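Residue numbers (the numbering used here), protein chains in the order written: chain A, 9 to 445; chain B, 8 to 434; chain C, 16 to 69; chain D, 424 to 766.
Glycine included, every Cβ here is placed at the ideal spot set by N, Cα and C.
All remarks here apply to the structure that follows.
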Ligand SMILES: CC[C@H](/C=C(/C)[C@@H]1C[C@@H](OC)C[C@H](O)C(C)(C)[C@@H](O)CCC[C@@H](OC)[C@H](O)C(=O)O1)CO
Ligand SMILES: Nc1nc2c(ncn2[C@@H]2O[C@H](COP(=O)(O)OP(=O)(O)OP(=O)(O)O)[C@@H](O)[C@H]2O)c(=O)[nH]1
Ligand SMILES: Nc1ncnc2c1ncn2[C@@H]1O[C@H](COP(=O)(O)OP(=O)(O)CP(=O)(O)O)[C@@H](O)[C@H]1O
Ligand SMILES: Nc1nc2c(ncn2[C@@H]2O[C@H](COP(=O)(O)OP(=O)(O)O)[C@@H](O)[C@H]2O)c(=O)[nH]1
Ligand SMILES: [Ca+2]
Ligand SMILES: [Ca+2]
Ligand SMILES: [Ca+2]
Ligand SMILES: [Mg+2]
Ligand SMILES: [Mg+2]
């Protein structure tokens, strides 16, 4: 058994992390107090769920997790919330004042003063790992902490844990729920600095989650709670292969092997189905062919883009529930003749398929109906570069007039880091064009 | 976390006192410092503006400054006068004679150290101080001259904290002395350099609103101050109640100020309601939105239709449909997209608080960083120049040791500010 | 279209469907950047304090 | 009211639409880089489709189907018809074509060409490209002409037996106008044009291009007595149908128009799953210009499809009005039909 440490940075990372660990506990039968009746080995063991949970002599199942934020109010809710008994106080790290939506403040000014405390707390977790795989890092692009402190942390983790894989779950900014005008700046700055330190990154555009919540869950104005419960379902289907017995994506390195042939092009598009309103009185259970076909609908993607106008490099189908390989193959055959699914010439046209028989768990009283089968498709398509183009364009509009740049320089960042980061993004866009055009 | 509030001079203390009356009521604090509210949303961020004293007593983190005792005697005698910390009253006897030089250089310089003693004591007992807010006028002597002296001294001791002001701009329509353009130009010179956010509250706009909109034949300062305290309550709502957006002074400044000198905001409020006047009619979300963007509802006497918005913050208060608020806010931007600069994408941010202000079921507060604010500084500059080209009334200032060169520099800096707004109005 | 690498367990199964075959900065360098940014903040503050002293 | 931007000035069809838009009093034109538009008259090349449909509170409509260049580029169309199941290589309304690079089909073309020399059948081909035409009877000079240039060329079967209008013994090509809206309804304009030739068709020398190429530019300049039978070398549908009834005892609907509607519906329903904007975050529509050939057996051939087409002079008012009525007002409603719905 090989352990995984989850790191949750800033408000978005912390609140999504809470959603995830609530869901993990429901999926594994762990009570809020940490007890797990079905675990017959007290205070030890190396089962698959032990990759995410350590155990105390008292039978408490403790998340291998660290929460970090530069102000205390979000993590305070964890300290006094339903799952407060779950976490050790050392795992919950708060500063005094936040990065004020300023990458330079989170990275240089405040990050310098807190980075060593965070690494010390991570080392305490690592010291209890017989074979650490690496890290799963949750954070927003747009926040000052999520962007700036995360990029510093990723750099230092490459130093302290050079042989360890690092995966990201990154919240891409959407004006409908965004809090800062400078989020395009923070997103480009943190992508440039993190790019060589992240092996695989799952971007989630808040706009897509927002619209899925409105359209499929009939929520008039979705809140972060609505968004985070949907996001945790997708995160859970992505990380289930690390937490349950299986043969596909059983370790962090396998995400890179199966999804990222080119190191810079390490942003797989996630698509999830079905998303069904729990308020619906009568539900019609979608078939394997129907949820598999929904994976090629832009309306179900975590980032709105058009895969018909890019090329695939890799494609993984992750089913949960009542699914057998016979029906998946009959579905894939049908879809191939009716959909625009073009791979790059130097890659096989194929799918790696994983099935977990346990259906998706839902939070009691949440917005998501229980379904008998669900699927998350992870696909590395060049079409996700549309998201970079949108982001780089908003950057260009503001940076041409140097709007807000003085906030960053006032924190000791050089103005040249803007153009250096933007040039890296220009080369990233060109890389996607070379692969897919 | 904590904010330290300073109010200086007659105008600053009269609007400051009404500000504390209003928000004390919203947070359920009675005139004796006891909490008597029914909602926990009232206490969740109470420490932003109030210290906790034993006996469950909440005391405003407020410093009251003046160079004459009169207005602050009235504050002690007023409705909520017993709520202020008696050690936080700092006052002289001589007055400032509506003279910026007396406030800034002679009379105010004698009193400034003991104000900083009280500021230091309040800051030292702060868990994590955000910064400072100052209320004052620019047209007199204490609030304008000593207020800006205080700002400079506070920046020197707390260079990494945010400095915010509510600055009342003088107008010939509501004027006490002819030297107001001098005091205001000297003050703007200071504000451009040493504040992070300044709310420009124009007595010209306040009068016009009382007269034309509220149908008050003879507006008094009390009527003017009713609009200001309601606006101050609105613009601080995001700091005082739980919320996601512009929740502290620094995040607000980062969202609102694209260039450090252009930090002068036009505030507005809807619905406009006068003193003691109860209108019981429900105001729909479309009506709130249209009225808060309406030129007639702005409290800096400039026409936003003549300029472009760099940034906008809107705060809705009361129980209402958040879907409707989003729809109406997008409706205004999509239908009138020319009034918002295209090189700052998504520059309008909306916040919503459940707790409405007293007397209203719903309201909306507007904070705009519009290039049309140049019209306010143009107006002051013309009134300054009409007198200064004849050196009229200057002896009041040279008698305090000032030189004419300091006037020329302050005028030059304000005209530069005007030019910088016009630059981004055409960009 | 062939199915390869079919693995089965009591919790699920996995396999692969093929349709068509094919045709870092060091610790010292990080601290250097952090300290250089700190020195730039210190210089800018010193310039302010010098201005206020004037 | 509604808003739109203009990133393509040279569109004579969308200038009249933009003028008609403003003439309604309910439309307003924005600057070029203002993202708060309901409608984009986008650039023909490098259109940033990736930035459309991401503006909260705006239904966004662009005048182009992303991915419609497959039908509108010559080599792309030859590859589409051959490789698509719905169209097949055995497509009987499309002349035998071969993509030839200076994915190539040099050997496959030499095989069918030499076949035509063995049986002594008509063996005249034509080289053309969407970038620029050389009609020849010998293959060694068509391959040499593709290599002097440096772009992809197609070699298509030149219809040696066209239908000839009398008097004049002259060649014509038919242009149809098809509007496909956001719901992918296929609307064929009731008015087409015949871009005729001014000088008699001459099968002896393919050297003089004027009698073989029926383009309006090649006739406006290279032909003397240009426009002596009809004004501007353009015969509209009421006159051509009268000639078909007089000269051939048939109608334009029966002998020609049923085939034209068939080809329009074949090509468009073919790419429909690859370009449809149903359930996409931004909608699309596009006006297309089909170019057809009619041979002496009254059989219709498809020549090419133009995604950025110009309109005949006397039909600018009616068609642009239909563009505003069916494509734009159906998405943005204002406060007889000139189209034939192909379904
Ligand atoms: C959008 C930014 C704003 C600029 C404007 C031009 C705004 C835009 C809208 O009001 C939200 C216009 C409003 O819907 C109607 C049509 C009912 C208008 O008849 C009300 C009074 C006239 C108006 O002036 C022309 C007003 O006083 C104002 O300001 O109109 C400046 O804040
Ligand atoms: N999906 C989702 N997005 C969130 C959540 N919280 C914040 N965001 C998004 O994250 C971005 C703001 O960044 P935050 O994570 O709040 O900021 P931060 O990391 O705490 O950094 P600072 O507050 O600047 O120190 C915006 O785009 C928000 O829409 C959340 O709980 N769920
Ligand atoms: N296979 C073929 N048989 C007979 N004539 C042909 C032919 N291929 C092309 N032509 C003639 O050549 C002319 C131009 O051909 P084509 O339509 O490929 O050029 P183009 O793309 O410049 C036209 P447009 O400007 O209308 O889009 C046509 O008007 C037609 O008469
Ligand atoms: N809105 C408002 N303006 C005031 C009030 N009192 C004075 N003013 C204005 O303030 C300016 C005079 O400054 P004042 O504060 O009285 O002088 P100070 O005591 O030296 O600071 C003039 O522009 C007056 O119009 C008040 O209570 N409300
Ligand atoms: Ca165990
Ligand atoms: Ca590494
Ligand atoms: Ca004295
Ligand atoms: Mg935060
Ligand atoms: Mg006075």
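Which residue's Cα is closest to the Cα of residue i: the options?
i: residue 350 of chain A; options: A:26, A:364 and A:318; result: A:318
i: residue 136 of chain A; options: A:261, A:92, A:54 and A:445; result: A:54
i: residue 399 of chain B; options: B:303, B:189, B:332 and B:334; result: B:189
i: residue 559 of chain D; options: D:583, D:538 and D:542; result: D:583
i: residue 589 of chain D; options: D:620, D:561, D:757 and D:608; result: D:620
i: residue 96 of chain A; options: A:324, A:62, A:373 and A:444; result: A:62
Quickly, what does DSSP pair residue i with across the bridge? List them, please.
i: residue 714 of chain D; result: D:598 and D:727
i: residue 360 of chain B; result: B:324
i: residue 67 of chain B; result: B:57
i: residue 548 of chain D; result: D:559 and D:580
i: residue 393 of chain A; result: Answer is none; residue 393 of chain A lacks a bridge partner.
i: residue 693 of chain D; result: DSSP output for residue 693 of chain D lists no bridge partner at all.
i: residue 148 of chain A; result: A:179
i: residue 766 of chain D; result: None; residue 766 of chain D has no bridge partner.
Could you tell me whether the Cβ atoms of residue i and residue j are closer together than 9 Å?
i: residue 612 of chain D; j: residue 738 of chain D; result: yes
i: residue 241 of chain A; j: residue 145 of chain A; result: no
i: residue 495 of chain D; j: residue 638 of chain D; result: no
i: residue 280 of chain A; j: residue 310 of chain A; result: yes
i: residue 579 of chain D; j: residue 555 of chain D; result: no
i: residue 355 of chain B; j: residue 327 of chain B; result: no
i: residue 283 of chain B; j: residue 306 of chain B; result: no
i: residue 171 of chain B; j: residue 123 of chain B; result: no
i: residue 325 of chain A; j: residue 359 of chain A; result: yes
i: residue 18 of chain A; j: residue 102 of chain A; result: no
i: residue 203 of chain B; j: residue 105 of chain A; result: no
Would you say residue i touches ligand 2, meaning its beta carbon is less than 8 Å from a heavy atom?
i: residue 147 of chain A; result: yes
i: residue 388 of chain A; result: no
Let me confirm a value: residue i is counted as buried when at least 16 other C-beta atoms fall within 10 Å, else exposed. Which label applies?
i: residue 216 of chain A; result: buried
i: residue 209 of chain B; result: buried
i: residue 406 of chain A; result: buried
i: residue 77 of chain A; result: buried
i: residue 14 of chain A; result: buried
i: residue 445 of chain A; result: exposed
Hey, is residue i close to ligand 4, as in C-beta under 8 Å from one of its heavy atoms?
i: residue 35 of chain B; result: no
i: residue 223 of chain B; result: no
i: residue 111 of chain B; result: no
When every heavy atom of ligand 6 is checked, does at least one fall within less than 8 Å of the C-beta of residue i?
i: residue 274 of chain A; result: no
Does the beta carbon of residue i fall short of 8 Å from some heavy atom of ligand 5?
i: residue 48 of chain A; result: yes
Looking at residue i and ligand 8, is the gap between the Cβ and the nearest heavy atom below 8 Å?
i: residue 107 of chain A; result: yes
i: residue 82 of chain A; result: yes
When every heavy atom of ligand 9 is checked, does at least one fall within less than 8 Å of the C-beta of residue i?
i: residue 433 of chain B; result: no
i: residue 105 of chain B; result: yes
Any heavy atom of ligand 1 closer than 8 Å to the Cβ of residue i?
i: residue 300 of chain B; result: yes
Got a sec: does ligand 3 put a non-hydrogen atom nearer than 8 Å to the Cβ of residue i?
i: residue 553 of chain D; result: yes
### Message
Along the segment 243-259 of chain B, where does the CB come closer than 7 Å to a CB of chain G? Name the residues.
### Response
In the structure shown, chain G does not exist; the protein chains are A, B, C and D.
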